[PDB]
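Shown below, as structure tokens, is a lone chain in the form deposited in one PDB entry; questions about how it binds or moves come after it.
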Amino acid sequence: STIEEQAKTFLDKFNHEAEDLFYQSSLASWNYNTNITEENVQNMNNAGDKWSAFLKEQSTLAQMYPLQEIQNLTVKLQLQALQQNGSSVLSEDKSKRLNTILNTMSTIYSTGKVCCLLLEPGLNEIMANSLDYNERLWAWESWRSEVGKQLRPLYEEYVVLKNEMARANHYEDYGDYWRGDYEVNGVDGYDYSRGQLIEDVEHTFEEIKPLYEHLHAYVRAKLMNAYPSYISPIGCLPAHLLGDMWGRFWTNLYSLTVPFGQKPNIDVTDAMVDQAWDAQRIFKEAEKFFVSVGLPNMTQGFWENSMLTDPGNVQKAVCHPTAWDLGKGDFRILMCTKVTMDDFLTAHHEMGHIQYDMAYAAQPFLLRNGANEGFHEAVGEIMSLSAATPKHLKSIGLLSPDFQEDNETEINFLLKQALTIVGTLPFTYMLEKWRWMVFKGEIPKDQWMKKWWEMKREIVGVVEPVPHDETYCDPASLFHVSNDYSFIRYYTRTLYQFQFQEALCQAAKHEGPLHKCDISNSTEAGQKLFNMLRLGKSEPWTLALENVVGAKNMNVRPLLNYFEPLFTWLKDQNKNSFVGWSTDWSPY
């Protein structure tokens, strides 16, 4: 009869037909990953081809239902998800050219040698532990001069092809296509816009500049001791001394920048070894931690089907920590586990992912995913955040029950956390701003590197050691840039993580500093979380966010409240040192 009723019938048929195909494709993928042979690759390729062909045909079928007729707002979401054209709007020759460009860029990034040394792990070890100016400069410059020079011509055609594809789908540019994820419309009082994500990110960043400036000044003052005359007390930090190839993470700078080096950290690896933990107690303890909050247990097949240890010498597998949701009520974890603290925290992270995947399994097929990009990883991360506290360790049994907690230990812990969390927001913000500007056409093709380095000096406070001409492509050296991955999901995730943590700690009635908060043995926090987890993609991300923190937008105040002792100590320490950087100074 009406368009809505026919759409509902079509959606029933599609869901029933699609669940089994997705399950079979996932089974083939798991079979290849656990057992690497030449037979399994063909099975993966065939299953993927079948699934892709089915999805394309069903999208073409679903395009026939006009979207103005449906007013249910839940049928409309699934029809909108199916109706997306994608890159098929391009001509056959243009599509082949775009796919060839992407494959060539990925292949050339993957196969890169410096003469020889590969990036993994020959160059990474040099950039992580050289402690020598000349060697670090050579390693930093050679990789750029090879890859960025070899990748510059391809990116220029990539940009215009992607812009044509995005403008064909009624968007302004490809950056607008990326921003379309954070969009809510048709709901009164919870609206959001693609152009509103340009704002609400700058606003959040202008509230982080004091803390980052103090951290940068402290790190520069501490790093000046290692290299006597290569760093200026008013200039920026050279790009090849930040403990990374790109400077994305400052974690490797922890060894030089320790507040109190005499006092060690909390490492419970020896306690785990002496108590004879054997890669199965870790996941049982994680399950206990998740149950104590009120969330359910692991399913019966999770224990027997999943892989929690290396296959052995005879069987080879690519075992990175991963949580698999194969469909039809099948959840597993693929991971090689050894007895350390890092694996103990990764178990909680992966089970946070798994418990997120269990909640919205009652939603239709197309609405079984997180509310937006940052919700899934933030939910995963808060569990690992709460499971590492000394109180939680003492309650479990590992770490002595008469541990001495003082100011020095918490300052060391907070600095180690901020060298990873705070030190990466400016990089993400600057890189995504540059990509958006390039896509929008505001940056001309002849002023790419100049604008990139000017933005890096003005925002990140980092200068280049040697000048780079327009034949270089420094941004393409990053894995995400050349491999076509969105990068703003590492900003909203960081903000949502602390918003969720503060809301849950307010639900658990914890008194004191936020960084000592623990969420175990509390069921109200579990209910508050599960009210949002079960929603899936059915409700707007603003509404799902409101169910935990009570706000319709992301805030930076929890992030600054987490790091208050560190901010006060840094402000005390930087009384003599200069705060801020000057863009005129250069190493040459």
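From 1 onward, residues are counted along the sequence shown.
Beyond what is shown, the protein has a form solved in complex with a partner chain; the following relates to that form.
Stretch-level contact analysis of 467 to 475, 101 to 109, 202 to 210, 237 to 245 against its partner chain in the entry with it bound, using heavy atoms and a 4.5 Å limit, identifies 101 to 109. For residue 389, no non-hydrogen atom is located within 4.5 Å of its partner chain in the entry with it bound, even though that partner is not displayed. Its partner chain is not shown here, but in the entry with it bound it comes within 4.5 Å of a heavy atom of residue 322.
By the criterion of a heavy atom within 4.5 Å, residue 84 is counted among the residues contacting its partner chain in the entry with it bound. In the entry with it bound, residue 326 approaches its partner chain with a heavy atom inside 4.5 Å. The listed set 520, 29, 555, 542 contains one residue whose heavy atoms approach its partner chain in the entry with it bound to within 4.5 Å, identified as 29. Each of 47, 177 and 366 comes within 4.5 Å of its partner chain in the entry with it bound, counting any heavy atom.
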